[PDB]
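Novice: Below is the sequence, then the experimental coordinates.
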Amino acid sequence: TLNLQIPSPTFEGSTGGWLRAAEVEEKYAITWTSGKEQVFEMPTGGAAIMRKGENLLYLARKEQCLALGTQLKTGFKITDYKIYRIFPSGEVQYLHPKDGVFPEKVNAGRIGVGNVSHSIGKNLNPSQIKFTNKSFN
Amino acid sequence: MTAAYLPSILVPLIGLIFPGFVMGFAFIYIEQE
Amino acid sequence: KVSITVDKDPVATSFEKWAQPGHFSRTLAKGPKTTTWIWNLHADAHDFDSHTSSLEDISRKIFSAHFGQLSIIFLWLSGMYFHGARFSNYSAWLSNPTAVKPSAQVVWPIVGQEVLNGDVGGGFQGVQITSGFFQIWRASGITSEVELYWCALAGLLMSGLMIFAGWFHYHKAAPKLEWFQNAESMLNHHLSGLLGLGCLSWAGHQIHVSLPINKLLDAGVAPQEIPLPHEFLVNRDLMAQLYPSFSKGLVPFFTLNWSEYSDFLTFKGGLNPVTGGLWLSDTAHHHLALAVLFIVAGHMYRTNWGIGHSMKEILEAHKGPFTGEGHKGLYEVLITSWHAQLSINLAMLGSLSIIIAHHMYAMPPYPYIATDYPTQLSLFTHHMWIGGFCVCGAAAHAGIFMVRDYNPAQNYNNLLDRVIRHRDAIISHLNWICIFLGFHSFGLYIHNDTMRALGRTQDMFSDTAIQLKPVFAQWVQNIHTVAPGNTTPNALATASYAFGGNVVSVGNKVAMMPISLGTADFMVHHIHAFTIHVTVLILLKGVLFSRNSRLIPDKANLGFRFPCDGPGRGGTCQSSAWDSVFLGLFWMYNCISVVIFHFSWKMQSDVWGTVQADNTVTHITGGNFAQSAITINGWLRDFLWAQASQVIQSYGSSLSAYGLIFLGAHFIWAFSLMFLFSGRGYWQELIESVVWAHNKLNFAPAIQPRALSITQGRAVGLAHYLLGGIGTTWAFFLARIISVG
Amino acid sequence: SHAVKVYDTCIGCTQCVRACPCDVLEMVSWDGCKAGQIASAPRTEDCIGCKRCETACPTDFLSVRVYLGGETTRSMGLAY
Amino acid sequence: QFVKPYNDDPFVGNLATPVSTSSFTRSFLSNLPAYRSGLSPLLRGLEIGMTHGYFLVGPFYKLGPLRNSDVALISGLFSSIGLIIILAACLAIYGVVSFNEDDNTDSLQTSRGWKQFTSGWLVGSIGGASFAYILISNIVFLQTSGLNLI
Amino acid sequence: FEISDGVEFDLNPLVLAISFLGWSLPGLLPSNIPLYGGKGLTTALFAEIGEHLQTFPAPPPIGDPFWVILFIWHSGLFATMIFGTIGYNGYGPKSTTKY
Amino acid sequence: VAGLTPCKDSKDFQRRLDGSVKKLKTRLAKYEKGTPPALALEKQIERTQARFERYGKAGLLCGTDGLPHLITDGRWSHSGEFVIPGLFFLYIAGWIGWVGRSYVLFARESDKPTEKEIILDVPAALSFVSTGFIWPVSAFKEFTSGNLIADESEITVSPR
Ligand code: CLA
Ligand code: CLA
Ligand code: CLA
Ligand SMILES: CC1=CCCC(C)(C)[C@H]1/C=C/C(C)=C/C=C/C(C)=C/C=C/C=C(C)/C=C/C=C(C)/C=C/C1=C(C)CCCC1(C)C
Ligand SMILES: CC1=C(C/C=C(\C)CCC[C@H](C)CCC[C@H](C)CCCC(C)C)C(=O)c2ccccc2C1=O
Ligand code: SF4
C-alpha cells in the first residue's frame, strides 16, 4: 500500500511537473528510502534534495518514475523504490517491484504472456490470415 | 433577376458559407461521442 | 599560488600509433569490422573528452592542437604574403590603385584554364582577389615585393615555431592541470600582454612606418621614391617634416603634454579624402588608447601578490531575489569544463565577426578598400558566415556541456538550475514571438505581392502607400550625423558617412555615402529579427532539453548525439541537442543568406555607383530597392534574375570559373536532399542487393559495407546543403561584383 | 496498445527486460534455454514502442518483437 | 525568494512568480469578468463582447479595403458584425462539442452556462461595435485619430 | 502588497523620490554643447517640455534635441531607480539576505 | 557525310576558328610585345589554330553549329570516336577490377583481413597491380575453372 504522508524531496519547483491530465486521468508516484540527504536530478528537469528516510514524489508518467528509479539504483545505491498509479477516484495501484522482486531476475509465480512457440520465420502470411480470424502466429 | 447576378450571388456562398457550414458540421462530427 | 608545473617526457614521440588508427578510442582500437568504423574514427578523432577521463590529458591535447592550428594559420599567412610577393600585381596597384584590379593568383595553361588569367591590369593577368591583402599591405606601409618576401619568411618561421611548440608541450614539457586552471593569470596576461602589447606595438608601427609612408603615398609620391621605414625611424628630422611634433620628442608624453602629438594622434573621424579609408592617424590613436585600456584591464585579477579580484567571489556575490543562489558554481563549471568555455568563446567570436563585418563596410579602414566593391562585399559576407557558424557551434558545445559536464549536485538553485527549471516558459514564449515575427514580417511581403498582383498598389506597405517607417533607426542616424561638434565636440567628422553627410568619392566612384532607411528597410530588418529569433529558438530549445523532457525523461543517458529513441511515443526522431544544432544550422544559413542579399542589393542600389561631373551619383541598380524590395517577386526578379546575368553569361571570360562553380554548387545543394529526405533502411537494403552482386563473383570486402548512420546521414546532408548554398551565393556575388566593379 | 511478443529463440539474457524504460517485460521460468528463463510481456498496455528491447537482443532475428498498434495516452507518452 | 513552488506543490507543472502570483495579478484576474464572482455566464459574455466588438471596428474602419471611401465606417461596422457572427458560431460549436448535457449549475463549464455565455457575447459584441460606430461617426477626433487638432 | 504568492514587498515611493533626485541633481551639470543648450540634462528636458507644450499637438520633429535628451535622462533615471530599489530592499534597514 | 559535312570544309567551323583567334588577338592588342602576357596569348592562339587544323584533318564531321559531331554507331570510319577509346577504357577498368578482386581474396586469407584492407600490404598490392595486364584471359580462366561465379546455395539472401 501507499502512505500519502511521506515527505517529499524538498524540490524548489519547476514547469516540468504534472498537469491537468494528472488530475483527470492518471498520476504516478514513487516512494524510496534514502540513507542520507543527497542531491538527485528530477526526471522533469532540475535538481532536488532527497531526505534522510522515506521520500515520496509525484510524476505524470510511468517512464518518468522508472527513470528516477534507475537513477537511484545506478547513481546512488537505492533499490527500495516502489511505483504506484493513482486515479482521481483514489484507486492507488502498485506497479513496480510488482511481485516485490525486480523483473530482471526470474521469480516463482509469474505466467508467460505473449510467448510464441516458434521462431519469427514461422509466422503466417497476411494472405493466409486475410478474411479470417487466424493470427500471424 | 438575370444570370449575370448569379456569380455575385453564389461565389460568396460557395466560398464562405458552404466552407463555414461544412467545417462546423465536420467539427461537430469528428469531436463527438 | 600561480606557478608553472609540467610533466617531463609524458608521451614518447614514435610512429607506433600512426599505424594504429583508433588508438585514442577503446571501441575503435579493436578494428574495422564494418565501414561504420571508418566514419567513427573521424567523428571521434578530436573528441578528447571521450578518449579519456583525465582533464590533464584533455587540456594538454587541446594546448598542442592550438599550437598546430597556429602553425597552420601562420603557413596560410606566409603563403598569402609569398603569392603577393611573387605572383601578384601589387607594385602596379600601388602605382595606380584605382585602375588595376588586385590579383595574386595565377593558373597554369593546361586544359584551357588559362582563360582564368584575365586582364586584371598593370601588364599582369591573373585571378582577381577579393581578400583585401593589397590594402592591408598598403596600410602597413609595404611598397616592395622584397618586404612581402620577408613577411612570408617571418610567417614560415612562426609556423615552424608553433609546430615545434606544440610537439614540445605535448611530448617534452606538458603543463599540469594546476597550470591550466589559472583563469585570473591567463586573463591578466591575455588582456595586458597579448591584446594591450599587440595594439601598442601596432600603434608604434603605425606611428613610425605606416603614417609617413601613407602620407607620402596620398601626397602622390612614388613608392620607389618613398624612403625606407628604418630611414624614418633613425631620421627624426625626416619624420619631423611630415609630423612636426617629433622634434619635441617623448618629453610631452612623460610630462602629460599630449596635445603636442595632435598632428599624428588625432580624432578627425570621417574618411581620408584621397584613399577613401579611415585616417591612419586616427587608427594609431585608436590602437594606443586600446593598449592603455587593455593593459589597465589586465591588472584586475589576483595572481600572487594579493592585489586583484577573485572571479569566484564576484560571481558568488552576484545573486538576487529572482535568481536564488545566482552565479554560484559557475567558476568551477568554467575551470572544469572546456565545452562551456568553448561555447562562450564561440558565441562571442561569432558575434564579434558579425560586428566586424558591419563596421568594416561602413567605416572602410584600409586605403582603397571602399571603392574595391568586390573586396567589400566578399569580406562582409565572409565574416557574416563565420559569425553564424561560430554561433551554431556555441549552441552545440553548450549542449555538449549540458549532457557531459553538467552535475546537478554542484548546480543547485543557481542560474543554470533555475533556467532548466523554467525552460518551458522560455521556449513557449520564444515560440510565440517567433510566430508573431514570422507573420508580421513575411505576411507583409505576401500582402504586398497579392496587392501588386491584384492592382491594388495603393493598399501595399510601401513608401508610396501605407508606410512602415523605421523612425527609431532614422533618429539614431540623425543623432550620429549631428554628433560631430555637439556630443563628440572634438571630432571633425561623423564616425561613418552611412548615418548621413556628404558622399565620399575616390577615383570617380562612391566610397561611402548616406544609407537611407524606408519601408523596405523596416521590413527586411524585421525579417532579420524573425530569422535570428527562430534560430535561437531551435538552438536554445535543444540545449535546454538536452538532458530530459516530458517525452524522454532519460536523455543524457542516450547522450548529446543520438539518432532517436525509437518509433514509440509517436516517434522520437531528431530529439537530441545535436539534431537541434543540425536544424539551427539550416536556419542560420537562411538568416545569413537573407542578410547578405539585403547587403548586396541595398549597397548596389543606394550606396555604390559612379558619380558624374554634375556631382550626381548613378548607382549600380539605380534605386530599385525602395520599390522592388517590398515584394518577393521584386526580390526574385530585380535581385536574383536581374543580377544572375553576370554569372550565367560568364562562359568564355575570366569569370567562367564563377559560372562553373555556380552550377557545381547547385549540384551539391540538390545532392544534399538525397541525404536529407531519405533514411537508412532503403540504402542498407540496396547495399544488401549490391553485396549479393559482389558475392556472386566470389568476393566482397572483409569490412562489411554499411549505410551511413542516421546521424551521419543528417550530417552529410547538412554539409552538402550548406556547401551548395554558400557556393552558389559565392559564385553569384563574386561574378556580379567583379563584372560591375 | 502495441503488441509485444517473445519467441522460442529467447536465450534468457534478460537485457530486453533491463533495457525497457517502462516495466513491460519480465523474466519467467522456461526449459527451452540454458538459462531456464524466458521473457514475457504482461504489462503491454504500458508499452511506448521505443523498441529498446529490440535493440538489446542478441539473437539473430530478434526473440522480442514490438508491433506498433493502436495509440493511447500511455503509448504516446503524453504527460498531458 | 520571489520565485517559489505553485500552491506549495513542488511537483506541479507551474511556478509561483511575480507575474503569475502577485497581489496585483491576482486582484486583476479575479476582477476580470471571466473570473469575477457572482456574474452569470450571460453577464460575463455581455461584458467581454462589449469590450471586444468595440476595438474590432477600428482596425476594419481605418485599414479595410473601403477605408479611403465615404462608406469606410459603415463597411467597418459591417465587417465587425460578420467577424462577430463567425466567432459566435465558433463559441456555439465549441460549447456543443466540449460540454455534455450534465447540469453543473451554470458554472461557465456547462452546456447551459456556455450557451448563455455565447449568447451574451454575441449581444454585447454587436452592441459594442454599434456603440463604437456611433461614437466614431459623431466625433471627429476619432475619425482623424487627433489629426483634426493639427 | 505581495510581490509573489506569499512574499511581501514594501513598495516605498520615497525610494522613487530619492532615485529621481539622485539622477536629476547630477543632471543639472550644464554643458555648452548644442544639444543641452547651455543648461544641464534635467533643465534641458524641462525646457524642451515647455517649448513643445507651447506647440501642443505637433510632436517634436525628428532631429530635435528632445528625443535624445528624453532617452538619456530616462535611461539614467531607470538605472538609478533599479539601483535605489536594490539598495533599499537588499542593503536597507530590514533586508534579510546579506548581499 | 553520314548526315553532316566534313569539318575540314565547313564555313561554320572556319567562322568559329576566326572568332576564337580574333578574341585572342583583341586580348593581345593591349599587351606589350615580348611581355609574359603577350607570349601567353600568342601561345594560346597557336594552340587554338593547331587544334582546329588537327580536328579538320582528323576526318571529324561537323554540323550547322560548326562543332564536331561523333558517330557512335559502329561504323569503322569513325571507330576512333567511341570504339577504340572505349576499348582502352574497358582494358584499364578490367585491370583495376581484376587486381582489386585479387587483393580482396588475398586479404580474405590473412590473419587480419580488415587490417589488410585499411592498412595495405603494398608489396602484394603492387604484385596484383602488375598481374592485371592479362586480366581478360585470367578472368575467363577463373570463370571456366569455377573460381569466379559462386553457387546460388552459398550466397546469403533475404527471405521472400
Ligand atoms: C473565396 C471566397 C471569398 C470571398 C467571397 C471573399 C470576400 C471578401 N473578402 Mg476575402 N478572403 C478569402 C476568401 C474570400 N473572400 C480567403 C480565403 C482569405 C484568406 C487569405 C480572405 C482574406 C481576406 C481579407 C484579409 C480581407 C478580405 C476581404 C474580403 C471582402 C472584399 C473586399 C471588400 O471591399 O469587402 C469589404 C466590405 C464589406 C462591407 C465587408 C462585409 C462582409 C460581410 C459582413 C460578410 C458576411 C459574413 C457572414 C455573416 C459570416 C457567416 C459565417 C458562417 C459561414 C459560419 C469580401 C467580403 C476584405 C474585407 O474587408 O473583409 C472584411 C479583407 O480585408 N478577404
Ligand atoms: C573553436 C572551434 C571549434 C572546436 C575547437 C571544436 C571542437 C569540437 N567539436 Mg565542433 N563545432 C564548431 C567549432 C569548434 N568545434 C562549430 C563552429 C560548430 C558549428 C557547425 C561545431 C559543431 C559541432 C558539433 C555539432 C559537434 C562538434 C563536435 C566537436 C568535437 C569533435 C569534433 C571532431 O571530431 O571533428 C573532427 C573533424 C571532422 C569530423 C571534419 C569535419 C569537416 C566536415 C566534413 C566539413 C569540412 C568542409 C571543408 C570546409 C571543405 C569544404 C570544401 C569542399 C569543396 C571540400 C570537438 C570537441 C562533436 C562532439 O563533441 O560530439 C560529441 C559534435 O557532435 N562540433
Ligand atoms: C574519360 C572517360 C571516362 C571516364 C572518366 C569514365 C568513368 C567511369 N566509367 Mg567509364 N567508360 C568510358 C569512358 C569513361 N568512363 C567509355 C568511353 C566507355 C565505353 C566503353 C565506358 C564504359 C563504361 C562501363 C561499361 C562502365 C563504366 C563505368 C565507369 C565508372 C566506374 C568505373 C570503375 O569503377 O572502374 C573500376 C573498375 C571496376 C570497378 C571493375 C568493374 C567494372 C568495369 C567497368 C568492368 C570492365 C570489364 C567488363 C568485362 C566489361 C563488361 C561490359 C559489358 C557488361 C557492357 C566511372 C565513373 C562503370 C559504371 O558506371 O558502373 C556503374 C561501368 O560499368 N564505363
Ligand atoms: C495594458 C496597458 C498598458 C498601457 C496603458 C494602457 C491604457 C494602454 C493599458 C491598456 C489598455 C487597454 C487594452 C484598453 C482597452 C480598452 C477597451 C477595449 C475598452 C472597451 C470598451 C467598450 C465599451 C465602452 C463598449 C460599449 C458598449 C455599449 C455601451 C453597448 C451597448 C449595447 C449593448 C451592449 C447591447 C444592445 C445595444 C446597446 C444598448 C448599444
Ligand atoms: C545516399 C545515401 C546513403 C548511401 C551512401 C553511402 C553509403 C556513402 C558511401 C560513399 C563512399 C564510400 C564515399 C567515397 C566516395 C566519394 C565520391 C568521395 C567523397 C567522400 C569523402 C570526401 C569522405 C546512405 O547510406 C544514407 C544513410 C542515411 C541517410 C541517408 C543516406 C543517403 O542518402
Ligand atoms: S533479449 Fe531477446 S533473448 Fe535475451 S531475453 Fe530478452 S528476449 Fe530473450
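Specialist: That came through fine. Numbering: from 1, shown residues only, chains lettered A, B, ... in the order given. Ligands and ions are numbered 1, 2, ... in the order given.
Novice: Does the helix ranked longest in chain F pack against any helices or strands, and if so which?
Specialist: In chain F, taking DSSP state H as the definition, the longest helix is helix F:65-90. Packing partners of helix F:65-90 (3 or more CB pairs under 8 Å, 6 or more residues apart in numbering or on different chains; DSSP states H and E): helix F:13-27, helix F:41-54. Bear in mind the C-beta positions are built from the backbone N, C-alpha and C, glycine included.
Novice: Between helix F:13-27 and it, find me the angle.
Specialist: 130 degrees (axes from the mean of the first three to the mean of the last three CA atoms, to 10 degrees).
Novice: since we're on residue 16, how many residues are nearby?
Specialist: As the question left the chain open, I've gone with chain A. Neighbour count of residue A:16, defined by other CB atoms under 10 Å in any protein chain shown: 27.
Novice: wait, I meant chain G there
Specialist: Applying other CB under 10 Å, I find that residue G:16 has 18 neighbouring residues.
Novice: tell me the contacts of the nearest residue to it once chain neighbours are set aside?
Specialist: Nearest residue to residue G:16, sequence neighbours excluded (CB to CB, 6 or more residues apart in numbering or on different chains): residue G:66, at 4.6 Å. Contact analysis of residue G:66 by CB atoms under 8 Å, 6 or more residues apart in numbering or on different chains lists G:10-13, G:15-16.
Novice: hmm, try it at 6 Å
Specialist: G:12-13, G:16 (CB atoms under 6 Å, 6 or more residues apart in numbering or on different chains).
Novice: Where does it fall, secondary structure wise?
Specialist: Under DSSP states H and E, no helix or strand contains residue G:66.
Novice: repeat for residue C:398
Specialist: With DSSP H and E as the criterion, residue C:398 is inside helix C:373-404.
Novice: Can you name every helix or strand that that helix contacts?
Specialist: helix C:338-362, helix C:519-544, helix C:577-606, helix C:710-739 (3 or more CB pairs under 6 Å, 6 or more residues apart in numbering or on different chains; DSSP states H and E).
Novice: got the angle between the second one and helix C:373-404?
Specialist: In other words, helix C:519-544. Using the same axes, to 10 degrees, helix C:519-544 lies at 30 degrees relative to helix C:373-404.
Novice: Can you get me a residue count around the residue of the stretch 551-700 of chain C at minimum distance from ligand 4?
Specialist: Nearest residue of the stretch 551-700 of chain C to ligand 4: residue C:630, at 30.4 Å (CB to the nearest ligand atom). Residue C:630 is flanked by 29 other residues according to other CB under 10 Å.
Novice: isn't it right next to residue C:521, touching?
Specialist: No: using CB atoms under 6 Å, residue C:630 is not in contact with residue C:521; the gap is 10.2 Å.
Novice: In contact with residue 60, which residues are there?
Specialist: In the absence of a named chain, this looks at chain A. A:18, A:22, D:79.
Novice: nope, chain G please
Specialist: G:7, G:68.
Novice: The one 10 residues further on now?
Specialist: With contacts defined as CB under 6 Å, 6+ apart, residue G:70 is in contact with residue G:81.
Novice: what's the answer for residue C:657, then?
Specialist: residue C:116.
Novice: same thing with residue C:650?
Specialist: Contact analysis of residue C:650 by CB under 6 Å, 6+ apart lists C:656, C:658-659, C:735.
Novice: Compare these and tell me which is most surrounded.
Specialist: residue C:735 (27 neighbours).
Novice: Thought residue C:5 was touching residue C:176, still the case?
Specialist: Yes: between residue C:176 and residue C:5 there is a contact under CB under 6 Å: 4.7 Å.
Novice: Tell me which of these two has more neighbours.
Specialist: Per other CB under 10 Å, whichever of residue C:176 and residue C:5 has more neighbours is residue C:176, with 16 against 9.
Novice: Tell me who's in contact with that one.
Specialist: Counting by CB under 6 Å, 6+ apart, residue C:176 touches residue C:5.
Novice: and it, what are its phi and psi?
Specialist: phi -90, psi 170 (degrees, to the nearest 10).
Novice: okay, now the residue in chain D positioned nearest to ligand 4: neighbour count?
Specialist: At 30.3 Å from ligand 4, residue D:80 is the closest residue in chain D, using CB to the nearest ligand atom. Residue D:80 is flanked by 13 other residues according to other CB under 10 Å.
Novice: ditto for residue C:2
Specialist: Neighbour tally, residue C:2, other CB under 10 Å: 15.
Novice: Quick check: it vs residue C:187, distance?
Specialist: 12 Å (CB to CB, to the nearest Å).
Novice: still on that earlier bit, go through the contacts of residue A:60 and give me the one with the most neighbours.
Specialist: residue A:18 (24 neighbours).
Novice: List the residues that contact it.
Specialist: Residue A:18 neighbours (CB under 6 Å, 6+ apart): A:60, E:13.
Novice: do that again at 8 Å, thanks
Specialist: Contacts of residue A:18 by CB under 8 Å, 6+ apart are A:27, A:58-60, D:79, E:11-13.
Novice: what are the bridge partners for it, then?
Specialist: residue E:12 (DSSP bridges).
Novice: Show me where chain A has its helices.
Specialist: Using DSSP H, helices in chain A cover A:20-24, A:62-74.
Novice: just checking, what packs against the helix or strand residue E:94 falls within?
Specialist: Using DSSP H and E, residue E:94 falls within helix E:72-98. Secondary-structure packing of helix E:72-98 (3+ CB pairs under 8 Å, 6+ apart): helix B:18-30, helix E:41-63, helix E:111-138.
Novice: Mind checking those helices for the one nearest to ligand 3?
Specialist: helix B:18-30 (51.6 Å).
Novice: can you tell if that closest one touches ligand 1?
Specialist: Yes: remark: helix B:18-30 sits within contact range of ligand 1 at B:20-21, by CB under 6 Å from any ligand atom.
Novice: Return the set of buried residues in that helix.
Specialist: residue B:24 (16 or more other CB atoms under 10 Å in any protein chain shown).
Novice: Can I get it in CSV, CA atoms only?
Specialist: Provided in CSV are the C-alpha atoms of helix B:18-30 (Å, rounded to 0.1, in the frame of the first residue of the first chain):
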residue,chain,number,x,y,z
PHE,B,18,-20.5,26.4,-47.7
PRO,B,19,-17.0,26.1,-46.2
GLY,B,20,-18.1,27.5,-42.9
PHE,B,21,-21.1,25.2,-42.5
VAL,B,22,-19.1,22.2,-43.7
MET,B,23,-16.3,23.0,-41.3
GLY,B,24,-18.7,23.4,-38.4
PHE,B,25,-20.6,20.3,-39.1
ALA,B,26,-17.5,18.2,-39.6
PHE,B,27,-16.0,19.6,-36.4
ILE,B,28,-19.1,18.6,-34.5
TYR,B,29,-19.0,15.1,-36.2
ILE,B,30,-15.3,14.4,-35.6
